[PDB]
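Only one chain is shown below, in structure tokens, and it's the form deposited in one PDB entry.
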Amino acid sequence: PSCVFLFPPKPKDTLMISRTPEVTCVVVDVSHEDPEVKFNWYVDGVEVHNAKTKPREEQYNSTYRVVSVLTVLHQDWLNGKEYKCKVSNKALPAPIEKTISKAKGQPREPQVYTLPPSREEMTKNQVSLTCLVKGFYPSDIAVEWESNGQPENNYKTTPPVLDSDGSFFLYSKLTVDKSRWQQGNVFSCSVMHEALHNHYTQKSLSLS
């Protein structure tokens, strides 16, 4: 009758005490007749009530997107607890359930290498600064770029890719004016992952 979908928190929210990590239960295909759905949240089968149903929004196919959002503890998600979503109703014969948790296994620390642009990129107007991040488990990770403690926002990061040893890698690419790279400005690659000391490391990159 209805498709239910359950989403983990963002990497960056579980790793920093100041941020707020949330699990997001999302029902699409809800027709006009049935208005309100009975969300029930459980942390290891044990019930918890810390919920918040975010009222509905309109759609281009006559159905409505009914969302719920459970705040969770940083150390609960990291330590691997099970987070069960249950949507009850009347227009469903039996009630639908969904269970997510952190991927299992020994966390592994990322190794973070910075890479300058290629000699052959050096003919262009904009150049490519590369941060290789490899050897990490699980795949949950965040990458950002800095110069003089100000965010550089002209970067893209690949999704994580499953390597031959069961660990993950990605590449982040920052594009900068060749003018900046030649003056000799320092650029930094910031990585946040559970297996890093204080969940944080940075590596600099500059023209040797």
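Residue numbers here begin at 1 and follow the sequence given.
Remark: stretch with higher mean C-alpha B factor among 186-194 and 19-27 is 19-27. As listed in the deposited structure, the average C-alpha B-factor of 1-9 and of 199-207 is greater for 1-9. Take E47, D177, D165, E144 and read off each C-alpha B-factor from the entry; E47 has the highest.
Across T130, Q126, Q111, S88, the greatest Cα temperature factor reported in the deposited entry is at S88. Placement of the Cα temperature factor of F169 within the chain: lowest third of the modelled residues, per the deposited record. Ranked within its chain, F39 lands in the highest third, by CA B factor from the PDB record.
Placement of the Cα temperature factor of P159 within the chain: lowest third of the modelled residues, per the deposited record.
In this PDB entry, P117 carries a Cα temperature factor that places it within the middle third of its chain's modelled residues. Sort the chain's modelled residues by C-alpha temperature factor and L73 lands in the middle third, per the entry.
From this point on, the text means the form deposited in another entry, which you will not see here.
Panel note: of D34, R56, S167, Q106, the residue at the hinge between moving rigid parts between this form and the one not shown is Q106; all others are over 12 positions away.
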